[PDB]
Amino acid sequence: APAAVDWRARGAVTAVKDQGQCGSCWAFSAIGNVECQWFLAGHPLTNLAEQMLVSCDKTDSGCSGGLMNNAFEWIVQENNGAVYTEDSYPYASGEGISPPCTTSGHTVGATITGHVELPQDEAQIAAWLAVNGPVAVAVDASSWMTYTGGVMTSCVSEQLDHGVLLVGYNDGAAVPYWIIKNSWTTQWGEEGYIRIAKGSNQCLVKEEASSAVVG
C-alpha cells in the first residue's frame, strides 16, 4: 500500500458537518462514506442527507444511536438504494430531537448497491482505503471532547461510542496516523478532523470498519 493517502486532496470528501446535540454520529459516518464512494464512482461531489437516515431508518435509533452497517442495509433494502441530497432533506436534529420522517419533496443525490465489512486489521483497512476510498469506522471517542489538534497517542480505547470516517493515513510519520473526519464542526480538532496513532488499535478503530458500494 502507499506510504500515505489523503482522499481530501483528491477532492473526494465533503465539508465537515455538525450533528449538533443529537447522537446521530452513525448517520454522519455512513453518509460521509456514501458521499465519498459516490464521488469515486465518477460522479460530482454531492452533499447527501443524514436526516433521511436519522428520521426514516427505523432499524436505528435516531438521536439515541445507530450502526452504519444498519444504515447501509436500510438504504438498499428499504429505499431502493437511494440517498437524498442534503439540499432537499436538510438536517433538522441539531437541537437533539429528530423530526418524523418525510418521504415527499426530496431529490435523489446518489445510490448504493450494498456494503462491505472490512477485516479487523489496521493494515488491511489501510490497503483497502488506498484503493477504494474512505471507510466508516466505530471508535471510542469518550476521550475526544477536548481535542484541538495533534496526533492522539493515548486514546481511551474501551467501548465503541462513536462513528466517524477514515479519509487517509500516513505510515511514514514519526508517529504513524489515521486521518479521520468528524461531525462536530470545523471548530473542533484540526478544522474538524482528528489524527490518531495508527498500528496500536487506538480508540478501537479496527473493530467495525465498513463501506457502502456504489455500482
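One rule holds for the numbers: they count along the sequence shown, beginning at 1.
Q: May I ask you to compare 160-168 and 39-47 by their mean CA B factor in the entry and name the higher one?
A: Comparing 160-168 with 39-47, the higher average CA B-factor belongs to 39-47.
Q: Report the option among 61, 154, 29, 69 whose CA atom has the maximum B-factor in the deposited record.
A: Within the set 61, 154, 29, 69, 154 shows the top C-alpha B-factor.
**Q.** Candidate residues 33, 183, 187, 55, the one whose C-alpha B factor the record puts highest
**A.** The record points to 187.
Q: Tell me, lowest, middle or highest third: where does the Cα B factor of residue 114 rank within its chain?
A: It belongs to the highest third of the chain when residues are ordered by C-alpha B-factor.
Q: Grab the CA temperature factor for residue 132 from the record and place it in the lowest, middle or highest third of its chain.
A: Its C-alpha B-factor, which the entry lists for residue 132, ranks in the lowest third among residues of this chain.
Q. Taking the C-alpha B-factors as the PDB entry records them, is residue 22 in the lowest, middle or highest third of its chain?
A. CA B-factor rank for residue 22: highest third.
Q) residue 122's Cα B-factor: lowest, middle or highest third of the chain? A) Bottom third by C-alpha B-factor.
Q: State the tercile, meaning the lowest, middle or highest third, of residue 1 with respect to the CA B-factors recorded for its chain.
A: Its C-alpha B-factor belongs to the highest third of this chain's values.
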